[PDB]
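Number of protein chains: 4
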Amino acid sequence: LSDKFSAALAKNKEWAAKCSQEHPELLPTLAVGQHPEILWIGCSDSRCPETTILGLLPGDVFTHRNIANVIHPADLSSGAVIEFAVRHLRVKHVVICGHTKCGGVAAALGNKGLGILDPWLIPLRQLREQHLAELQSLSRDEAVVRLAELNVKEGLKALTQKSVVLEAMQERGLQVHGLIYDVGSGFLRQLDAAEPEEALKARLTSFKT
Amino acid sequence: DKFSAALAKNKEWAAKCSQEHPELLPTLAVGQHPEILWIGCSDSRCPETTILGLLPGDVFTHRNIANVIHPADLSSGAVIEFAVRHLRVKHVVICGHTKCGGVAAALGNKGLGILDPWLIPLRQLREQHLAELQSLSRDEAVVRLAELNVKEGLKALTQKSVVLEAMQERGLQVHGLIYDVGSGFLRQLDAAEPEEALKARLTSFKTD
Amino acid sequence: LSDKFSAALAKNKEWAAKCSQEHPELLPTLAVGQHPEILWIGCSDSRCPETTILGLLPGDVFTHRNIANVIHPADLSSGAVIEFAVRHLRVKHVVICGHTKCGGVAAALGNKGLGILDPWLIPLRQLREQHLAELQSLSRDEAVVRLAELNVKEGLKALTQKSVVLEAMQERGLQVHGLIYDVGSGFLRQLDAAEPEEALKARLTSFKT
Amino acid sequence: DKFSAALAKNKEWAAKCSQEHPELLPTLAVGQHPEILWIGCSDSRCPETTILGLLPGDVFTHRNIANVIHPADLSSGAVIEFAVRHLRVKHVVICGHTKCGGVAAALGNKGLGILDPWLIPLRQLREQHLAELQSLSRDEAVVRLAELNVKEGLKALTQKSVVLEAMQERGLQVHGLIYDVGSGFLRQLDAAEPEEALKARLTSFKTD
Ligand SMILES: [Zn+2]
Ligand SMILES: [Zn+2]
Ligand SMILES: [Zn+2]
Ligand SMILES: [Zn+2]
């Protein structure tokens, strides 16, 4: 039965042939330089390929995907992506997308040791501690969704606790957005993700350099 | 507004998926079973699922600046642990690309703030291969250092007990590619190491 | 003659001579194996050498020192020290020691960009944002002290959001302590670092493996 | 017991310091001017200020498991930036030591949880030098890998623009030591590199 790696390289050649036949200017024009307007921070989960689920093309979405779309404030991996997207490509939108049935969110609600995943998941366990009574009042499936939403909202806070982001929000109206992707339906939903404007004033004072 | 345009295109895409693959999304909701972990660049021109002609559920994905594997990076570390031990992917692919902004940054000497520590592995390869890279044009050096970065990434990937375990226990394979953003073609890298190399790595890294 | 490095190697040999003369069994007995009962997490600040300011000897204090004694939850540097000290050496005490006139705490209350220090100092700026009204109500010098104390208390919280620490606290009565070192007087003062008992219960539920 | 005993000994030490160095604490109350950055092991037997016969204010200090320099580690990165750029230390010392638990862990094949990613650089040196280390006794291998770790750390330390700038601008020096926990003596390591090596590093790492 088929080697999925070999099958993928053959499907890549078919995709390159389709590009050459249907849109022969697209890839050569993108090779001159990318100009995406969107930074996507989402989960590595194979069911959440940003460009496919958004109905977009190569060149549209600058992408970071990690376990459970977690923003550790001092993580160089997300830190370097955000610096490059915001300062160098000047994206207009930063999207943090969580998803239903997230294995990283579910791991954080369990109490099994998962080796190197344990430090990675600490931010999710911090949210679990802070919201423990609320999460215990929900079904397992509702708790995984609620913690996924709380994680997206906390990530948007962490994202704005960066001078490069606050500068872009003041200079060009950079927007930040929280989404949940429903792996069962294919639909994205927006999170309210409200903060008092008081919140951003304190953050500006505390973080702009 | 590209954000509101993308949400409208998402709804259209999800509706079309329900009509043209009616079993896909409901079966994916039960559980993912991807056979491939892709480690690639965040570059907007390298969306793994589209360039491979695949579907949602096929590729477990990590994308960062210049597809760099720092040995002790928890972000790539956690992805590799989850993909290899929990999802049991059969393939790990590191994919570099032509016209990589991270590779180009590393060949320059401009300070880029938080990017500077991130790009150290590329500058280590630049130092190690300095005569070879200086013998090339800037455009040729950006390709060459992209290739050297993929090959070094495959070494870093295999200096992990979780990977070495899966290679011996269940035949996990690792692969290096370069994506040409101008042609849409993936090229396989030779990425040769003597078998002697994996023996010393097993001794040095595999834990009980 | 002015070279502090060569002067330090000469003073090292004088110190080795003093050990051989005054306590000839000490270093050979320590060479058999270390048994410190204290893990110290302090600032790199040259004024805070733990073994000297505690009046202790080599072998007494397992030590981590970093900029402003910051505990990033997912930092492998502090993570590995804590794992080794708590699980393998079985220390009885973990001390987080902040200090007066901390340059890292002062940096976090300023708005100058300090390159690679910026991500490192984010937890201090998070405390600044959370306590902004309180810190703005104080003099510059009082704010530097207050933020230094808030940083030690936040570090003790981060330290207990680790299964290895919670396990040792329950199984063998490991204790954790917050101190401030006054660089001008040489005195250590203890911080209260009391938590509502609800807090510790939720942390056990949320973090113990 | 030992915690309350240490607080009482602290007060006695501060009282004795006021009598035997009456200018020291009042000068330190206002600031610090150490000329040395020490990067050493957390090992309780390697307290830098004590083994150097120095005082508070003399040694800006970073201690971690096995004195490992991960190139992109923000913990060591932030210390080096602060010491070199802001305090303008004249010397950076990396000190390894005999009977190092982290070095010994890297030569074993037991899984140690969060220590495993931390110890990768030691296992990379073990792989690179495997034949040489297998030719030695356990005790000789622990010393040899400790020395290889100090030398690799000095390379990582100099692959930083802040260090290279200080070396060129103000003659910052870097030094590798091994501390013998049994004798109390520091030994200097030869730590030779072709001058060719530092030139390629300057080209590859110094920001304009
Ligand atoms: Zn997920
Ligand atoms: Zn790239
Ligand atoms: Zn300090
Ligand atoms: Zn050691």
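Just so you know, the sequences run in chain order B, V, D and F.
So the first sequence is residues 77 to 285, counted in UniProt numbering.
So the second sequence is residues 79 to 286, counted in UniProt numbering.
So the third sequence is residues 77 to 285, counted in UniProt numbering.
So the fourth sequence is residues 79 to 286, counted in UniProt numbering.
The beta-carbon is built from N, C-alpha and C at its ideal position, and this holds for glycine as well.
- Message: Quick check on DSSP: helix, strand or coil for residue 139 of chain B?
- Response: Of the three classes helix, strand and coil, the one that applies to residue 139 of chain B here is strand, per DSSP.
- Message: Any heavy atom of ligand 4 closer than 7 Å to the beta-carbon of residue 268 of chain B?
- Response: At a cut-off of 7 Å, the beta-carbon of residue 268 of chain B does not count as near ligand 4: no heavy atom of the ligand is closer than that.
- Query: So is residue 202 of chain F buried or exposed if we call it buried at 16+ other beta carbons inside 10 Å?
  - Reply: By the 10 Å Cβ count, residue 202 of chain F comes out buried.
- Query: By the 10 Å Cβ neighbour count, where 16 or more other Cβ atoms means buried, how is residue 205 of chain F classified, buried or exposed?
  - Reply: Buried: at least 16 other Cβ atoms inside 10 Å.
- Item | Chain-ordered chain F contacts of residue 138 of chain D [CB-CB under 8 Å] | 120, 121 and 122, listed in chain order.
- What residues of chain D sit near residue 251 of chain F, judged by a beta carbon separation below 7 Å? Those are 81, listed as they occur along chain D.
- Query: Whole beta strand (DSSP E) runs in the region 100–145 of chain F with 3 or more residues, listed along the chain?
  - Reply: Scanning the region 100–145 of chain F from its first residue to its last, the whole beta strand (DSSP E) runs of 3-plus residues come out as 114–119 and 137–142.
- Task: Name, in chain order, the residues that DSSP records as bridge partners for residue 212 of chain F.
- Result: BP columns for residue 212 of chain F are empty, so no partner.
- At least one CB of chain V closer than 8 Å to the CB of residue 161 of chain D: is that the case? Any Cβ of chain V closer than 8 Å to the Cβ of residue 161 of chain D would place that residue at the interface, and such an atom is absent.
- Item | Coarse secondary structure for residue 167 of chain D, derived from DSSP in three states | In the structure shown, residue 167 of chain D sits in coil (DSSP, three-state: anything other than H, G, I, E or B).
- Compare the C-beta of residue 230 of chain V against all C-beta atoms of chain F and say whether one is closer than 8 Å. No, because no Cβ of chain F sits closer than 8 Å to the Cβ of residue 230 of chain V.
- Item | Per-residue burial, residue 285 of chain D [other beta carbons within 10 Å of its own, 16 or more giving buried] | With fewer than 16 other CB atoms across the displayed protein chains lying within 10 angstroms of its CB, residue 285 of chain D is exposed.
- Message: Could you give the first and the last residue of the continuous alpha helix (DSSP H) run that contains residue 162 of chain B?
- Response: Premise fails: residue 162 of chain B is in no alpha helix (DSSP H) and is neither H nor E.
- Message: Whether or not the region 183–199 of chain D and the region 174–192 of chain B are in contact is what I'm after, with contact meaning three or more pairs of Cβ atoms, one per stretch, closer than 8 Å; do they touch?
- Response: Flag = no, the region 174–192 of chain B and the region 183–199 of chain D do not touch.
- Item | Length at least 3, wholly inside the region 177–265 of chain B: the beta strand (DSSP E) runs in chain order | Complete beta strand (DSSP E) runs here, min 3: 251–257.
- Task: Starting from residue 98 of chain F, trace the alpha helix (DSSP H) both ways and give me its first and last residue.
- Result: Membership of residue 98 of chain F in the alpha helix (DSSP H) is indicated by the continuous run 80–98.
- Message: Measuring only from the beta carbon, is residue 178 of chain B closer than 7 Å to any heavy atom that is part of ligand 1?
- Response: Answer for residue 178 of chain B: yes, Cβ within range of ligand 1.
- Message: So, for residue 207 of chain F: in the same chain, excluding its five sequence neighbours on each side, which residues have a beta-carbon less than 8 Å away from its beta-carbon?
- Response: The beta carbon of residue 207 of chain F sits closer than 8 Å to those of 222, 223 and 226, all from its chain and outside the five residues before and after it, given in chain order.
- Message: In whole angstroms, give me the CA-to-CA distance for residue 195 of chain V and residue 152 of chain B.
- Response: It is roughly 8 Å from the alpha-carbon of residue 195 of chain V to the alpha-carbon of residue 152 of chain B.
- Item | Expected contact under 8 Å - CB spacing of residue 150 of chain B and residue 130 of chain V to nearest Å | Not a contact, Cβ separation roughly 33 Å.
- Task: Could you check the C-alpha separation between residue 127 of chain B and residue 136 of chain B for me, to the nearest Å?
- Result: Straight-line Cα distance between these residues: approximately 8 Å.
- Query: Quick one: is the Cβ of residue 164 of chain F within less than 7 Å of any heavy atom of ligand 1?
  - Reply: Proximity of the beta carbon of residue 164 of chain F to ligand 1 is not indicated: no heavy atom of the ligand is located closer than 7 Å.
- Message: Rounded to the nearest angstrom, what separates residue 115 of chain V and residue 156 of chain V at their Cα positions?
- Response: Approximately 12 Å between the Cα atoms of the pair.
- Comparing the C-beta of residue 110 of chain B with each C-beta of chain V, is any distance below 8 Å? Closer than 8 Å: yes.
- Message: Below 8 Å on C-beta distance, what does residue 268 of chain D contact in chain F?
- Response: Residues of chain F passing the Cβ test: none, with the nearest at roughly 15 Å.
- Where does residue 237 of chain F land, buried or exposed, given buried means 16+ other C-beta within 10 angstroms? Classification of residue 237 of chain F: buried, given that the 10 Å Cβ count is 16 or more.
- Item | N- and C-terminal bounds of the alpha helix (DSSP H) containing residue 267 of chain V | According to the DSSP assignment, residue 267 of chain V belongs to no alpha helix (DSSP H), since it is labelled neither H nor E.
- Message: Just to confirm the assignment, what range does the alpha helix (DSSP H) spanning residue 277 of chain D have?
- Response: For residue 277 of chain D, the enclosing alpha helix (DSSP H) stretches over residues 273–283.
- Are residue 176 of chain B and residue 259 of chain B touching if we call contact CB-CB under 8 Å? Yes. Within cutoff.
- Query: Nearest chain V C-beta to residue 152 of chain D closer than 8 Å, yes or no?
  - Reply: So, interface residue.
- Query: Measuring CA to CA, which of V/243, V/274 and V/270 is closest to residue 163 of chain V?
  - Reply: Of V/243, V/274 and V/270, the smallest CA-CA separation from residue 163 of chain V is found for V/243.
- Do you know how far the Cα of residue 99 of chain F is from the Cα of residue 132 of chain D? Roughly 18 Å between the two C-alpha positions.
- Just the Cα atoms here: how many angstroms apart are residue 193 of chain F and residue 192 of chain B? Roughly 9 Å separates the two Cα atoms.
- Does the region 210–218 of chain V come within contact of the region 243–255 of chain V, defined as at least 3 CB pairs closer than 8 Å? Counting Cβ pairs under 8 Å, fewer than three are found: no touch.
- Using 7 Å as the cut-off, classify the Cβ of residue 173 of chain F as near or not near the heavy atoms of ligand 4, replying yes or no. Checking the Cβ of residue 173 of chain F against ligand 4 gives no.
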